[PDB]
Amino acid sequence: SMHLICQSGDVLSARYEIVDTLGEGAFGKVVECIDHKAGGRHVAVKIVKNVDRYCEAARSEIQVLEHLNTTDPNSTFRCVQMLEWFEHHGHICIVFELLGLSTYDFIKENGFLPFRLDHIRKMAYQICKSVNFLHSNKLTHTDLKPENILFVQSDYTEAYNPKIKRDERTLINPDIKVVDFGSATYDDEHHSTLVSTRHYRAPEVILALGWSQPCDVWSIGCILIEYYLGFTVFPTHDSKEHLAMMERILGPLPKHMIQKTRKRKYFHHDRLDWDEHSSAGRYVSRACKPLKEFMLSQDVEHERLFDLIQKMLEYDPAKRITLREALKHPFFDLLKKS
């Protein structure tokens, strides 16, 4: 029972003393501990609910991390390092290096203000390089979202911004790592019918056309929008509504994808089965507009970012830019300047 076992001062595995709670998700909790058998190092321990599906995900996460961490022992590609795992009162507990705030929690604590463009550029490059390393190893993450991208160290400076009448926090160092490999799937493994957290889910996933590495690229494009704006451009908890928002932001779905899909519930003949005058229809009309209308500036660096996002949000997953190609996009040139 999760509440019974996650308390400050509790000691796990005769070595890890809980000092704080770092996060809680569907899966259980992540706590910060002092490791009394590694010289007092502070670590993060993910305590998994004793529930079938979360236990299975944790076991899978341990297998993937063992692979990724052995393949990349210097963490050149920025996947979180797993230190060990154990069981505590029947719960699986995974020990990680300690990181800073998730990118989501940073934005939340900053009043849902967005990141500045130079930080987005650096973060995007590192996200793309890390996930590309997964892709090179026959893996797809499937659950990329701001909560699963963590700052290495989230110290900030703070200043009033009169341009927007608000106190603003700015990272000192925006370096990141990628976490949460409990949904990561190898190319030759069973692919779950549904993947991703809704706001980051690709159209081939929604339409059950089959998914692979490209679905991670879509999620990354969605994450970059959220970093740029401070909010999602897909504010919905309904699949058909999500497709409608895609249409308004990105244009009509390709005919071949509507042709091929078994998800007939979404469609009336060859068009989305969508009433523009319903409550949901009025909201999508208010809340969505073409992608480039969300730009905050027409400066060329903003145009470069939006060009990349647009490529990442290509509907056809084969046509969609790969991460190897994304790393070569002009948006990143500023990082490669001598």
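Note that residue numbering follows the sequence shown and begins at 1. The term rigid core refers to the maximal set of C-alpha atoms that superpose within 1.5 Å between the two forms.
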property: More shifted region, core-based fit in 7 other deposited structures of this protein, 55-63 vs 274-282 by CA; result: 274-282
property: Higher-deviation segment by CA RMS in 7 other deposited structures of this protein, core fitted, 129-137 or 187-195; result: 187-195
property: 96-104 versus 253-261 - which carries the larger mean C-alpha B factor in the record; result: 253-261
property: 169-177 or 210-218, whichever carries the higher mean Cα B-factor; result: 169-177
property: Of the residues 78, 242, 141, 268, the one carrying the largest Cα B-factor as recorded; result: 268
property: Residue with highest C-alpha B-factor in the PDB entry, from 59, 53, 42, 67; result: 53
property: B-factor third for the C-alpha atom of residue 146 within its chain; result: lowest
property: Chain-relative CA temperature factor third for residue 194; result: highest
property: Ranked against its chain, the third holding the CA B-factor of residue 18; result: lowest
property: Lowest, middle or highest third - CA B-factor, residue 305; result: middle
property: CA B-factor placement of residue 110, once the chain's modelled residues are sorted into thirds; result: middle
